[PDB]
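> One structure coming up, written as structure tokens, with questions to follow.
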Amino acid sequence: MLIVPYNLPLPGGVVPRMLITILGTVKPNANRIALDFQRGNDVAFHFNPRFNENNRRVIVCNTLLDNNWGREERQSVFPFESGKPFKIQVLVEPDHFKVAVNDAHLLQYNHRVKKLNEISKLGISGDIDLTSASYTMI
Ligand SMILES: CC(=O)N[C@H]1[C@H]([C@H](O)[C@H](O)CO)O[C@@](O[C@H]2[C@@H](O)[C@@H](CO)O[C@@H](O[C@H]3[C@H](O)[C@@H](O)[C@H](O)O[C@@H]3CO)[C@@H]2O)(C(=O)O)C[C@@H]1O
Ligand SMILES: [Cl-]
Ligand SMILES: [Cl-]
């Protein structure tokens, strides 16, 4: 297994046709998962499944610039389940991050941070057993 929080360097940042794959298992009674694609201290793409926000399950996505959170994008389709193995795939495309979970399309997040080649770390955190984190060019 890997230790969470886990930092995956993205050398030279991200670029279209880069596919990032995260395999793990959600802990029992999970509260959260987070993927943070960082540009230095900024977070270009924060992907944050929340298992109990006012007793609903929701994925919150956002960008952090100069320590300020932007306008949240919220997706109520929620494919994760406490206790269960998952696969998150993040495919970088020209205008957005495209996310699939367990081989099903979940959401897209338009690029707010434009300097894709400076988005050079992925932080993976939260209530998971992390098995693998990697990337490949497709
Ligand atoms: C790092 C740490 O110690 N704590 C958290 C922080 C803090 O709990 C928080 O910033 C203190 O106010 O929160 C972090 O998660 C935030 C992040 O997911 C953003 C994305 O937009 O949302 C924040 O919650 C919002 C909430 O969605 C709104 O409905 C509400 O009106 O405002 C909330 C606070 O801004 C999350 O707290 C963070 O990265 O800041 C995660 C850290 O682990
Ligand atoms: Cl970085
Ligand atoms: Cl930018």
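The first residue you see is number 1, and the count goes up from there.
Going by what the header records, the deposited coordinates were determined by X-ray crystallography, 1.6 Å.
Backbone N, Cα and C atoms are what each Cβ position is placed from, and that goes for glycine too.
According to Swiss-Prot, the record shows the following:
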- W69, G70, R71, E72, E73, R74, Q75: beta-D-galactoside binding site (BINDING)
- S76: phosphoserine (MOD_RES)
- 114-129: motif 'Nuclear export signal' (MOTIF)
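Are these features on the surface or tucked inside, and what touches them?
Around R71 (beta-D-galactoside binding site), taking its Cβ as the centre, 8 other Cβ atoms fall within 10 Å, counting all chains.
Taken residue by residue with DSSP, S76 (phosphoserine) is part of neither helix nor strand, so it is coil.
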> Where does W69 (beta-D-galactoside binding site) sit in the DSSP three-state scheme?
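Note: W69 (beta-D-galactoside binding site) is in a strand by DSSP.
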